[PDB]
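Enquirer: Below is the structure I would like to discuss, written out as structure tokens.
Read the figures in this text as sums done on the coordinates, not as results from a lab. Here the Cβ positions follow ideal geometry from the backbone for every residue, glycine too, while neighbour counts run over all protein chains shown.
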Amino acid sequence: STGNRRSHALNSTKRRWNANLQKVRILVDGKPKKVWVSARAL
Amino acid sequence: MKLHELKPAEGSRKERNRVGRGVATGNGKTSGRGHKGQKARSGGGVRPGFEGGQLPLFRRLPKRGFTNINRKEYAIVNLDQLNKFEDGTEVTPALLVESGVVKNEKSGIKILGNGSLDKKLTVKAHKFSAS
Amino acid sequence: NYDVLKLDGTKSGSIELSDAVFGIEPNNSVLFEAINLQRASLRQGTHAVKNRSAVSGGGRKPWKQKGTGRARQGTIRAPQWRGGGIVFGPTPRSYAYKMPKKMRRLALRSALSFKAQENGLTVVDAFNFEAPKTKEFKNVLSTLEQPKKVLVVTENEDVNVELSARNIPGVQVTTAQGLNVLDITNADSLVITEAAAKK
Amino acid sequence: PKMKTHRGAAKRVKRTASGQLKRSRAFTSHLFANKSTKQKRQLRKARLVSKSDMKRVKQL
RNA sequence: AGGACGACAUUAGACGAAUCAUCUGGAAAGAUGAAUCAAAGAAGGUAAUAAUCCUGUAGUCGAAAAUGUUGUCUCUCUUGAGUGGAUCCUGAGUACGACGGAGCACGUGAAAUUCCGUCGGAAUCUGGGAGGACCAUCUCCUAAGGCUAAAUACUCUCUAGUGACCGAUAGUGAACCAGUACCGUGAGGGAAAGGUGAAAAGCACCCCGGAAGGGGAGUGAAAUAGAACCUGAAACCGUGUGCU
RNA sequence: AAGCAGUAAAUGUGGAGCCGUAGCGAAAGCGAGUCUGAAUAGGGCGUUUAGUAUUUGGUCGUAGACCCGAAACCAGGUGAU
RNA sequence: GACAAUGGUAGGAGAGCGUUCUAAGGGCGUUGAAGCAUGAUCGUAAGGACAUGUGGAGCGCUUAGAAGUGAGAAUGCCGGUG
Ligand SMILES: [Mg+2]
Ligand SMILES: [Mg+2]
Ligand SMILES: [Mg+2]
Ligand SMILES: [Mg+2]
Ligand SMILES: [Mg+2]
Ligand SMILES: [Mg+2]
Ligand SMILES: [Mg+2]
Ligand SMILES: [Mg+2]
Ligand SMILES: [Mg+2]
Ligand SMILES: [Mg+2]
Ligand SMILES: [Mg+2]
Ligand SMILES: [Mg+2]
Ligand SMILES: [Mg+2]
Ligand SMILES: [Mg+2]
Ligand SMILES: [Mg+2]
Ligand SMILES: [Mg+2]
Ligand SMILES: [Mg+2]
Ligand SMILES: [Mg+2]
Ligand SMILES: [Mg+2]
Ligand SMILES: [Mg+2]
Ligand SMILES: [Mg+2]
Ligand SMILES: [Mg+2]
Ligand SMILES: [Mg+2]
Ligand SMILES: [Mg+2]
Ligand SMILES: [Mg+2]
Ligand SMILES: [Mg+2]
Ligand SMILES: [Mg+2]
Ligand SMILES: [Mg+2]
Ligand SMILES: [Mn+2]
Ligand SMILES: [Mn+2]
Ligand SMILES: [Mn+2]
Ligand SMILES: [Mn+2]
Ligand SMILES: [Mn+2]
Ligand SMILES: [Mn+2]
Ligand SMILES: [Mn+2]
Ligand SMILES: [Mn+2]
Ligand SMILES: [Mn+2]
Ligand SMILES: [Mn+2]
Ligand SMILES: [Mn+2]
Ligand SMILES: [Mn+2]
Ligand SMILES: [Mn+2]
Ligand SMILES: [Mn+2]
Ligand SMILES: [Mn+2]
Ligand SMILES: [Mn+2]
Ligand SMILES: [Mn+2]
Ligand SMILES: [Mn+2]
Ligand SMILES: [Mn+2]
Ligand SMILES: [Mn+2]
Ligand SMILES: [Mn+2]
Ligand SMILES: [Mn+2]
Ligand SMILES: [Mn+2]
Ligand SMILES: [Mn+2]
Ligand SMILES: [Mn+2]
Ligand SMILES: [Mn+2]
Ligand SMILES: [Mn+2]
Ligand SMILES: [Mn+2]
Ligand SMILES: [Mn+2]
Ligand SMILES: [Mn+2]
Ligand SMILES: [Mn+2]
Ligand SMILES: [Mn+2]
Ligand SMILES: [Mn+2]
Ligand SMILES: [Mn+2]
Ligand SMILES: [Mn+2]
Ligand SMILES: [Mn+2]
Ligand SMILES: [Mn+2]
Ligand SMILES: [Mn+2]
Ligand SMILES: [Mn+2]
Ligand SMILES: [Mn+2]
Ligand SMILES: [Mn+2]
Ligand SMILES: [Mn+2]
Ligand SMILES: [Mn+2]
Ligand SMILES: [Mn+2]
Ligand SMILES: [Mn+2]
Ligand SMILES: [Mn+2]
Ligand SMILES: [Mn+2]
Ligand SMILES: [Mn+2]
């Protein structure tokens, strides 16, 4: 969800990045099927 | 003024200059020649090539400031002050009565901050006040 | 300065109208600027014309810049082209402007007193119908163009409307112009007393 | 649009007509010229107010 | 949280005042005579320039129907206040911190106020937050759930108007069967081109000619208005020539 | 001024606001004076009253800002007949 | 009435002419408007009239207002014709 932003470095020049979130395989709750899982939740 | 004989006030109104309409007019280059009398025309805004609109700086500012009534408070009748916001004073961050002129009346000077000489003259007449 | 009020033929009484409204002895320069102002305001500014950014053409370079033997060009819609964009035409805009209040009041007295130094008749009257008796009610002498000034809105009196030269407003009305396109006026009586009251 | 005021005139202050001005070489290299040093005093413009005129001018 | 009895408005319309004569004319609304209406002298039309010739205009009247909006009855749904303070309850991976960002007029800066990712991670009304780092005090609030009309923005469209806006190289690209001829494989680019006359009365008939076109004879106020049609400038092309 | 009223009005309302009647200092602040200064020296700015609203003309700024012209940059498409 | 001054580019300043629209007033027009053409006309200039021919329905004038207000040059754009 979102996270697009600049990546200023040293000279403070900007180039766009992504701010990627953590994710992993999971057993799930709603129906026993493998699912992406947000790390901060577990 | 009879609407077909309107006549505008003497010396008001004068025909605008129209550049670029002929040569006898005195304006066909229009104005300038060869230079940056080009359309963009930017002089620069106020500059040469050596920035003298800057040498060093000195500054700061906090909250303050009053509103001056001089001992020409000799206009109004007798007694009272601050009320004269209905006679002769307008916007007041706070109202100080200064000296200057020479007082000619006996009256209460109910005001915030009295200038010293003014206090001696107002008190030499009769009344004084504070806050 | 007693004005000799009268009613529909024969003389009636008299009234002393204030001399610093009806006897200002007009200041002309203000009256001019007022007239020009009011005309300024009646103008709506609906003229507009399409500059090159606006024209329903494109902006390919019509031909490559060098080696053609033609002049260089930018768009087929640049201003020298037939069909091209207009440079600096009219655009929509405000036209009307403000004037200081006292000047407006000075102007009003000036127009009225101009009307007094020549002629401007008075009459207490009015009726409850709708007739071209008003034309027959210019048995009161009264000339070609004029306004009927009146105390407040008086529909019927106002329906002396479609009689060519006549015009007929209130007194809290009272334009600088209508007043002196006018040639003759007739503040009635109540009204005359109010314009007298609203200096 | 109201003209923007130049902000680099946080460097003068209006007198009565004329603008009072900062001076010269205060701070750095004080290891030189001594009578010079007592040049804490004001300024104006004269020739230059012609150039800077209407920029420090919403400073009234 | 969905539906039954009439007011007004929208979608056809109806009524609507008062002029005649002569001159000039192809034709009069013009001119000059006398008249008249007006809550109607706005506008457009009619053979020239019309308040009274026509369409209308001021004003008045009008809806079987179908939406549309509302007045009020029906229809539902509804128990609103105050004291007391003992133990519960007031939104947990949140507020907040660190790091890399991003947003606040405010460029990391003394940087509060607020969002993102990533690890860390609280308190429990003797509580929590804010008051431009931060701490004490004081004052003001009660985050981490949700909904909420009106004032505001805009005009492809509808009806009614307006303009010291254009008047056919202007004004829409487009007043003409224009996004069309035409051009490109395609996305796409894109013109030129309005005007006979009041009325087609658009030239019966004779003539030269295969026809085109023309001269008579005719229509017309005018065709030296004949259709490639009002006016018809200039470049340019011709015939005649007074002086050379 | 916005707003309210009025026929897209010259026009009544609205005194929030703005400029002006006081200046000087970075400021606290003092005030016909104030700043620097130990100084009641000298010096700087200032006092010896005229402004303010509307507006024709001149000029500047912000806007493409007299007009026509790049080679080029970027974004989104369309093309391997 | 004497008496001075009056070449002039960039450029400053001044007075004006003409165009379209508007307001008010005042007029002209089928017994012929505008436009077009022609003339031996008038004013210091821009520029103004007049008469005749064409044209066949609109137009001046005064005073003030406001402008898409003046072309000979842009290898300018469109049309016509050399
Ligand atoms: Mg500086
Ligand atoms: Mg192209
Ligand atoms: Mg090119
Ligand atoms: Mg006859
Ligand atoms: Mg009426
Ligand atoms: Mg008519
Ligand atoms: Mg093409
Ligand atoms: Mg191709
Ligand atoms: Mg092409
Ligand atoms: Mg011909
Ligand atoms: Mg020859
Ligand atoms: Mg100006
Ligand atoms: Mg733009
Ligand atoms: Mg690209
Ligand atoms: Mg192939
Ligand atoms: Mg002329
Ligand atoms: Mg004539
Ligand atoms: Mg005839
Ligand atoms: Mg000749
Ligand atoms: Mg001639
Ligand atoms: Mg003739
Ligand atoms: Mg003629
Ligand atoms: Mg005709
Ligand atoms: Mg004439
Ligand atoms: Mg004028
Ligand atoms: Mg040329
Ligand atoms: Mg060439
Ligand atoms: Mg050509
Ligand atoms: Mn950047
Ligand atoms: Mn001039
Ligand atoms: Mn010159
Ligand atoms: Mn040049
Ligand atoms: Mn130059
Ligand atoms: Mn220039
Ligand atoms: Mn440019
Ligand atoms: Mn610069
Ligand atoms: Mn474009
Ligand atoms: Mn491009
Ligand atoms: Mn060539
Ligand atoms: Mn165009
Ligand atoms: Mn100050
Ligand atoms: Mn030295
Ligand atoms: Mn009828
Ligand atoms: Mn009728
Ligand atoms: Mn008749
Ligand atoms: Mn007609
Ligand atoms: Mn009606
Ligand atoms: Mn923090
Ligand atoms: Mn941070
Ligand atoms: Mn930031
Ligand atoms: Mn916080
Ligand atoms: Mn604080
Ligand atoms: Mn809560
Ligand atoms: Mn919401
Ligand atoms: Mn419409
Ligand atoms: Mn066109
Ligand atoms: Mn034409
Ligand atoms: Mn093709
Ligand atoms: Mn026709
Ligand atoms: Mn014949
Ligand atoms: Mn005939
Ligand atoms: Mn032809
Ligand atoms: Mn015709
Ligand atoms: Mn023709
Ligand atoms: Mn209103
Ligand atoms: Mn001293
Ligand atoms: Mn001194
Ligand atoms: Mn001094
Ligand atoms: Mn200007
Ligand atoms: Mn300059
Ligand atoms: Mn400019
Ligand atoms: Mn000379
Ligand atoms: Mn000489
Ligand atoms: Mn000049
Ligand atoms: Mn004309
Ligand atoms: Mn032009």
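Enquirer: Among the candidates B:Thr67, B:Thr30, B:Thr89, single out the residue that is surrounded by 10 or more Cβ atoms within 10 Å (Cβ to Cβ), more than 14 Å from chain C (Cβ to nearest Cβ), of a type in the set (S, T, N, Q) and over 32 Å from the mean Cα position of the chain (by Cα).
Expert: B:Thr30
Enquirer: Given the structure, is B:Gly49 closer than 30 Å to D:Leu21 by Cα, of a type outside the set (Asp, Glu) and surrounded by 15 or more Cβ atoms within 10 Å (Cβ to Cβ)?
Expert: Spelling it out, it is not the case that B:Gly49 is closer than 30 Å to D:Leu21 by Cα, of a type outside the set (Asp, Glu) and surrounded by 15 or more Cβ atoms within 10 Å (Cβ to Cβ).
Enquirer: Quickly run through segment B:114-131 and pick out the residues that are within 16 Å of B:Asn68 (Cβ to Cβ) and surrounded by fewer than 14 Cβ atoms within 10 Å (Cβ to Cβ).
Expert: First pass over segment B:114-131, keeping only residues within 16 Å of B:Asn68 (Cβ to Cβ): B:114-119, B:121-122.
Matches in segment B:114-131: B:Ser116, B:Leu117.
Enquirer: Filter segment C:137-146 down to the residues that are surrounded by 12 or more Cβ atoms within 10 Å (Cβ to Cβ), of a type outside the set (S, T, N, Q) and away from chain B (no Cβ under 14 Å), then identify the one that is nearest to ligand 74 (Cβ to nearest atom).
Expert: Among residues in segment C:137-146 that are surrounded by 12 or more Cβ atoms within 10 Å (Cβ to Cβ), of a type outside the set (S, T, N, Q) and away from chain B (no Cβ under 14 Å), the one nearest to ligand 74 (Cβ to nearest atom) is C:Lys138.
Enquirer: Against the definition (closer than 25 Å to B:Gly44 by Cα, more than 9 Å from every other protein chain (Cβ to nearest Cβ) and in contact (Cβ under 8 Å) with a residue 40 or more places away in the chain), how does D:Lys55 come out, yes or no?
Expert: The answer is no for D:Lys55.
Enquirer: Out of everything in segment B:33-44 that is of a type in the set (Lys, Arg) and away from every other protein chain (no Cβ under 14 Å), what residue ends up being farthest from ligand 42 (Cβ to nearest atom)? Let's see the steps before the verdict.
Expert: First, the residues of segment B:33-44 that are of a type in the set (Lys, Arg): B:33, B:36, B:39, B:41.
Narrowing further to those that are away from every other protein chain (no Cβ under 14 Å): B:33, B:36, B:41.
Working: B:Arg33: 44, B:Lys36: 39, B:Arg41: 42 Å.
Looking at the filtered set, the residue picked out is B:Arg33.
Enquirer: Does B:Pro8 meet the test of being in contact with a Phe, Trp or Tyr (Cβ under 8 Å, 6 or more places away or on another chain), more than 30 Å from D:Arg23 (Cα to Cα) and surrounded by 10 or more Cβ atoms within 10 Å (Cβ to Cβ)?
Expert: yes
Enquirer: Might you check whether a residue that is within 26 Å of the chain's Cα centre (by Cα) and outside any loop (DSSP other than H, G, I, E, B) occurs anywhere in segment B:106-126?
Expert: Checking segment B:106-126: at least one residue is within 26 Å of the chain's Cα centre (by Cα) and outside any loop (DSSP other than H, G, I, E, B).
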